[PDB]
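Here is what each chain is made of, one letter per residue.
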Amino acid sequence: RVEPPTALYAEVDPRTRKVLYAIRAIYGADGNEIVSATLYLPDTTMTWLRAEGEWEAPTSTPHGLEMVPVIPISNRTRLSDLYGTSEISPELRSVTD
Amino acid sequence: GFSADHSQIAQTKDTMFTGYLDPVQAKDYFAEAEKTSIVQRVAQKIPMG
Amino acid sequence: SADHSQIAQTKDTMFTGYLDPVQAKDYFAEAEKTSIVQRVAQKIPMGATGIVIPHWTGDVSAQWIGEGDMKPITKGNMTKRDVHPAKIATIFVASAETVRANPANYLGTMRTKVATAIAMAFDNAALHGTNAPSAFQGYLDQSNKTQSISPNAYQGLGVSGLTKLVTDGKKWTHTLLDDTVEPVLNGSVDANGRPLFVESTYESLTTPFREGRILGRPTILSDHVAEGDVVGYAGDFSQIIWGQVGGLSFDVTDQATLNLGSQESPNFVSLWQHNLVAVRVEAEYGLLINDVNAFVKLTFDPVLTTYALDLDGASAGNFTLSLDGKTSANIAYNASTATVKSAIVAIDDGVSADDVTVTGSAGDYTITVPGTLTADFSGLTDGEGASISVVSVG
């Protein structure tokens, strides 16, 4: 499944371009409280519920991969564009306004 | 016993060995568990900006 | 922001004509001064904690014994010293317009110039006391031995000078010479007026100035060893250790704030609010000369040596002096400057009251003498920091 950057975030090792670890944060229907969170590590993935104002004990699952099961799609203007720039370019923003 | 510097005998208490015979550091076996808020348990959290 | 600033840079007068096609390189550029101490001395693995050097000290012993005469008991002994790295630093700062233009590659120039200055600040804190940090142990100017080289360098180094090392049981392993020394090597001649250190047609440089050996010891040159009376050194350069905690480090920003005055007289400026850009520089060094006595200072002509002598406020017992290894009488803990002067001039080697000078007060003396002066405090009975050392002044 694909997830947007408004719900999943991932750290990158700038030495190797490998994803280090990543978090999925489900805001509730209110769009302001995180009602569950999931952490992807290289060895395993684990998840907390956040009903009743504080984290429940995490459920967990291993996956045995050498690497975290998250892959970044990115827009990439250049080789220098290490994290990928928005396609709504600053000149197009300027002529829209 | 003998003086902590005795001329005839080499002892672990002698000032001569003070660089080597240190006590080893260990886990704090008495470490207190962290507190937590009680209000955030009993009060319903309301989503807010 | 100000303009023509005494600390910052703002398209200052330095950069007049920076864009002009008629500007060439500095055809008269002078090569960068390296440290020499970091080239002659043993580099040691070092870290932010500092390091401990252990050393043995015990006079372990055995005795001859007859059959059945029951054997003696003995014990060894050993000791600890430690060295902590000191830290050296600077900042330089420029307008973003200067950083954009980079006139005459000023930024690149400035990085390499401050790198030489940090190396020379270490070097000049080791060969001499100059602004030295508290955590360094010793500097070579303390060494209490001198030698004139000028009339004939061979008699100077290999005979007269080398005597002063071996008499104290110190080795001679290297010699270090300033560029200004060269005329004395060229002028070192036999009685027929032919030079010693060069082959018969006098085509080539004298062998020490090829970095060749003198009497089996290697010779090291430098552009910048000489200061005050002193043109170079000889000694056991195996007695020096030094070390460094990571690379010469540059960090850069425009976000931060600088004080342009002292901590007690602050004059803060935001880098951001004026659009200035600043560079931080740091390095972190340790040094230890294991025995300051194991060197000889080299001078052109002969010179007097000056000593500071302090008795740690001891109010009882008698100390004694020794000059070039010949002992004085014993001297009281509160003797006058005149009483110390006459007790020095009484030494049987031929010292005299026109050469010897003494100044100060009871328990706190400066002495000037034409030799290696030393003192024994073991006959004092009321203090233990009692000490003597060489001192040098402008």
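Reading the values: the criteria
Residues numbered from 1 in each chain as written, not as in the entry; some residues may be left out. Chains lettered and ligands numbered in written order. Part of a larger assembly, values for the part shown. Heavy atoms only, no water. Helix = DSSP H or I, 4+ residues; strand = E, 2+ residues; numbered from the N terminus. Buried < 20%, exposed > 50% of the residue type's maximum accessible area, 1.4 Å probe, protein only. Areas by Shrake-Rupley, 256 points an atom, 1.4 Å probe, with all protein chains shown as cover. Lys, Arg positive; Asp, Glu negative; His and termini not counted. Charge placed at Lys NZ, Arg CZ, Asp CG, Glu CD. Contact = heavy atoms within 4.5 Å. Buried area = accessible area lost by both parts, 1.4 Å probe. Salt bridge = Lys/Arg side-chain N within 4 Å of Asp/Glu carboxyl O. Polar contact = N/O pair within 3.5 Å; in protein donor to acceptor, adjacent residues only side chain to side chain. Pairing = 2+ DSSP bridges. Axes fitted to C-alpha atoms, helices over the stretch in contact; angles between N-to-C directions. Patch = residues over 30% accessible without salt bridge, like charges linked within 9 Å, V, L, I, M, F, W, Y side chains within 5 Å. 1 Å grid on protein atoms, 1.4 Å probe; cavity = no way out; pocket = protein on both sides within 12 Å on 5 of 7 lines; lining within 4 Å. Points joined across faces, edges and corners; volume = space filled by probe spheres on them. Nonpolar A, V, L, I, M, F, W, Y, C, P; charged D, E, K, R; others polar.

In its metadata, the entry names cryo-EM as the structure determination method and reports 3.5 Å as the resolution.

**Details of the overall build of chain B**
Across its full length, chain B holds one helix and zero strands. When each of the 49 residues of chain B is scored for burial, the buried share is 6%. Split by element, the accessible area of chain B, about 4,900 Å² in all, is 57% carbon and sulfur. Charge centroids of chain B, computed over 5 positive and 6 negative side chains, lie 20 Å from each other.

**Focus on the interface of chain B and chain C**
Contact with chain B, which involves nine residues of that partner, is made by six residues of chain C. Across the chain B to chain C interface the summed buried area is about 590 Å²; carbon plus sulfur atoms make up 64%. Among the residues of chain B in contact with chain C, B:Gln8, B:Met16 and B:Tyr20 are the three that bury the most area, contributing 70% of the side total. Applying the counting rule to chain B against chain C returns one salt bridge. One salt bridge connects B:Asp14 with C:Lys75, and the closest N-O pair in it is separated by 2.7 Å. At the boundary of chain B and chain C, one finds three residue pairs in polar contact.

**Topic: the sheet that holds strand 17 (residues 318-323) of chain C**
Residues and elements named next belong to chain C. Taken in spatial order, the three strands line up as 18-17-21 in an open sheet, and their pairing is antiparallel. Each edge of the open sheet is held by one strand with a lone partner, namely strand 18 (326-332) and strand 21 (373-376). Neighbour to neighbour, the strand axes of the sheet diverge by 25 degrees on average, direction disregarded. As judged from the four bridges shared by strand 17 and strand 21, these two strands associate in the antiparallel manner. For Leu323, the partnering residue across the bridge sits in strand 21 and is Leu373.

**Brief notes about a negative patch on the surface**
Where like charges cluster on the molecular surface, the negative patch consists of C:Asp310, C:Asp312, C:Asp364, C:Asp382 and C:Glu384. Within the secondary structure, C:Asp364 sits in strand 20 (residues 364-369).

**Details of empty space enclosed by the protein**
Residue and element names in this part refer to chain C. Within this structure, the stated rule accounts for two cavities of 30 Å³ or more. Within this model, the largest cavity holds a volume of roughly 60 Å³. Along the walls of the largest cavity sit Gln147, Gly156, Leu157, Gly161, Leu162, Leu165, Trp172, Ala234, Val296 and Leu298, which together make up its complete lining. At five residues, helix 4 (residues 153-167) tops the list of elements feeding residues into the lining of the largest cavity. Tallied by class, residues from the lining of the largest cavity come to seven nonpolar, three polar and no charged. Looking at the second largest cavity, its volume works out to about 40 Å³. The residue inventory of the lining of the second largest cavity, partitioned by class, reads eight nonpolar, no polar and no charged.

**Topic: the pattern of salt bridges**
Residues and elements named next belong to chain C. According to the stated counting rule, one finds ten salt bridges over all chains in the structure shown. Here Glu282 makes a salt bridge to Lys87, at a shortest N to O gap of 2.9 Å. On the criterion of sequence distance, the pair formed by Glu282 in strand 14 (residues 276-289) and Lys87 in strand 4 (residues 86-95) is long-range, its members being 195 residues apart. Residue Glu282 is classed as partly exposed on the basis of its relative accessible area of 24%. For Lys87, the salt bridge is made with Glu284, and the minimal N-O distance between the two is 2.8 Å.

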